[PDB]
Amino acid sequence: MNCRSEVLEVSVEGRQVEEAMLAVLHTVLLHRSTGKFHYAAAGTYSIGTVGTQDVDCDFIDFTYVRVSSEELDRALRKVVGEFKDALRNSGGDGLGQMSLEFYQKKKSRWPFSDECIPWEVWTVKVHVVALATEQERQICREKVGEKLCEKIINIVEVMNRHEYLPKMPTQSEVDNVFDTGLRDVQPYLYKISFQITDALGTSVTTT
């Protein structure tokens, strides 16, 4: 169960940075979640029903499908809000990235704490572009939407080339795999961090 990593890059306006990230997070969390498990004393469990809803973008000419959980929506918009703040107060660099990590929880003997083994991680690298005129805005909307289409398609086409997923747990260890804190969904144990990057140069090799 070694780690699987993937990278995405999108060039967006500063206004579009939140919508672009939410579209990537929600589509990945859509596939990386299930209905809430209700356990019986015997050990059987029933799986709840996951809802879906469309979200139309305001700063982008794009629409994406997210799970109807409102707690997950607010939770994601908060951390992407922290990203949107940090990048503005980082100024001229403007090169940031978020990472969505899906991890299992493994029990450790005393005194050690439980070790969180990652099994899949998603990195999205943001490139912010400054704008001037309005007719450049109305085109940036379209082209950014059409890029996000390619991105979502690629994500879906990856969610199949990845055969491995952690085994379904029993009633005791259900929190070693799933985030059972939301009342509307049961997503896999995930951790969302971000990082502002210093731009690096390009070597003169095959060029």
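The term rigid core refers to the maximal set of C-alpha atoms that superpose within 1.5 Å between the two forms. Quick note: we count residues from 1 along the sequence shown, nothing fancier.
K.L.:
Aligning on the core, I want to see which stretch wanders more in 4 other deposited structures of this protein. Is it 72 to 80 or 108 to 116 by C-alpha RMS?
P.N.:
After superposing on the rigid core, the more displaced stretch in 4 other deposited structures of this protein is 108 to 116.
K.L.:
Say the other structures are aligned on the rigid core; which stretch then has the higher CA RMS in 4 other deposited structures of this protein, 155 to 163 or 50 to 58?
P.N.:
Stretch with the higher C-alpha RMS distance in 4 other deposited structures of this protein: 155 to 163.
K.L.:
Please check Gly92 against the other PDB entries of this protein that were compared: is it missing in at least a third of those that model both its neighbours?
P.N.:
In none of the comparable entries (those modelling both sides of it) is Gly92 left without coordinates.
K.L.:
Got a sec? Mean C-alpha B-factor, which is higher, 73 to 81 or 89 to 97?
P.N.:
Looking at the recorded C-alpha B-factors, 89 to 97 comes out higher on average.
K.L.:
Between 19 to 27 and 191 to 199, which has the larger average Cα B-factor in the PDB entry?
P.N.:
The stretch with the larger mean CA B-factor is 191 to 199.
K.L.:
Check the PDB entry and point out which of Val67, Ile152, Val55, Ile139 has the largest C-alpha temperature factor.
P.N.:
If I rank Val67, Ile152, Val55, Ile139 by C-alpha B-factor, first place goes to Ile139.
K.L.:
Just the C-alpha B-factor column, please: which of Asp179, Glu146, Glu163, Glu157 has the biggest number?
P.N.:
When the deposited C-alpha B-factors of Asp179, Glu146, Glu163, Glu157 are compared, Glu163 is largest.
K.L.:
Using only modelled residues of the chain, where does the Cα B factor of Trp119 rank: lowest third, middle third or highest third?
P.N.:
It falls in the middle third of the chain.
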